[PDB]
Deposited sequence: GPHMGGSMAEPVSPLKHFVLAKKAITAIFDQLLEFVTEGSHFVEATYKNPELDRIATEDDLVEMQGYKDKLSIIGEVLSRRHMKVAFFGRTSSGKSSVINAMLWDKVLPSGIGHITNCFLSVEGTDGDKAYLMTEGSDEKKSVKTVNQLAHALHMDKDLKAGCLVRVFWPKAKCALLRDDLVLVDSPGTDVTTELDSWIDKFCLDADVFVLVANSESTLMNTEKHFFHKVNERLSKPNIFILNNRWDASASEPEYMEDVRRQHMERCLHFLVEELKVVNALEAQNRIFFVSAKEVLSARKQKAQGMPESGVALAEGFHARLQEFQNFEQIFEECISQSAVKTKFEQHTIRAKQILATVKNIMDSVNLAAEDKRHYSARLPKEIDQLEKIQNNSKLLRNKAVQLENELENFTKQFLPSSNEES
């Protein structure tokens, strides 16, 4: 069972390798354009504008590679205090990463990301110090970053970052600082209550600022109706009706069939206890566990596909534009050299020098075409 998050990992590896090659190619092409422009025996074969363009591309292709190397998937959890946001995150991480009662006292956002080390730690905004996660109660707009060993959670190994927000009912400017790059928003609701307008309004604001945000609703604490099956079915219908209407008719972010794959009824407490033990069950436990596992699979499929487009499409488009321009420059150099060869070149040494320029510009043009093909292959595989 291969995690869908590997789609993102593979896309990130592919696009970073393309940009490594692109930087090397533009560096080589810039050296060629410079030598051609600077040759005192050549007039107007490569222009000063040709060189400035190539150097400008060279000067900015490195930071694209470094920026791409740090791209990650991000899921953000929202909901009323004690709905179960921290517990859902812990269940997905298979451990008690965010401590008990942290939701009572946290007024900062808490993010969880992977670390290559074997020791968990946290970092605050104004330093590089790695602090004990045992101080997270003291440290928790503000953001506290929790780092958890990648060897312990496959989600973190596969470049997912999970963000816990302060309770919606006791606090937006949240969107700008910690939501412009979130790929998925998860509303955690208390299934013993009813979906509230305070929660709806927040996702209305996300919806107005982002084009078709990916939104899941987890009706948590579903174990509270265990052994009440007839009751459970009717409460499920009522929650489903209200959650469907919100996603489909109010937000209009999903049609009614796809909405079935965005609303789930779960017990994060049961799931965490089952998973911490893996490293006398209430009635319906396994059905609820299976529903949480189905949510995780659908969530991973959603966020991996979505994040590849969101995080990598613009730079893929830019790389194609850079290559088209470099090809145009190589075309211009070749054409100017060949024109000169046939219009006014006289001595066989001048002719041989122009033929070398033609040949090297063609070698570079063909290298650009090969990188265009790699970008087309990337687009076909990763950018539907």
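- In sequence order, the deposited residues that have no C-alpha coordinates form the ranges 1-10, 151-161, 193-195, 304-311, 417-422.
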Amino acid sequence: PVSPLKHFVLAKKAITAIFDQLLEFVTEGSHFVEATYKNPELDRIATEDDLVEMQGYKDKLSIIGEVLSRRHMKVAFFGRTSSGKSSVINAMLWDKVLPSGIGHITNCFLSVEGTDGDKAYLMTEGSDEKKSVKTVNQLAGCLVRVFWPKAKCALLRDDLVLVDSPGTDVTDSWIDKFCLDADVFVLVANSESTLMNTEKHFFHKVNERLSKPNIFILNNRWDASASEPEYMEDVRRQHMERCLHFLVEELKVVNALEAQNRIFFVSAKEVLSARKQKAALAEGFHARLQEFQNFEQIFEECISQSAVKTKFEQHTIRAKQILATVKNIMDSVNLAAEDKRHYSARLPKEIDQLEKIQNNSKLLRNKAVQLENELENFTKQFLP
From here on, numbers count along this sequence of modelled residues.
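- For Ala259, the record comparison shows coordinates present in all the other entries of this protein that model its neighbours, with no third of them leaving it out.
- Modelled in this chain, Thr171 is nonetheless absent from a third or more of the other compared entries whose models extend past it on both sides.
- Note on 56-64 vs 322-330: mean CA B-factor is higher in 56-64.
- Look at the C-alpha B-factors of 182-190 and of 242-250. On average they run higher in 242-250.
- Looking only at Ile357, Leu51, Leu42, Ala336, the residue with the top Cα B factor in the deposited structure is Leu42.
- Based on the entry's C-alpha B-factors, the most elevated value among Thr310, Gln260, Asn90, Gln138 belongs to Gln138.
- The PDB entry assigns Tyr231 a C-alpha temperature factor belonging to the highest third of its chain's modelled residues.
- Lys349: CA B factor in the highest third of modelled residues in this chain (values from the PDB entry).
- The entry lists a Cα temperature factor for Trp174 that places it in the highest third of the chain's modelled residues.
- Ranked against the other modelled residues of its chain, the C-alpha B-factor of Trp222 as given in the entry falls in the middle third.
- In the deposited entry, the Cα temperature factor of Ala287 sits in the middle third of values across the chain's modelled residues.
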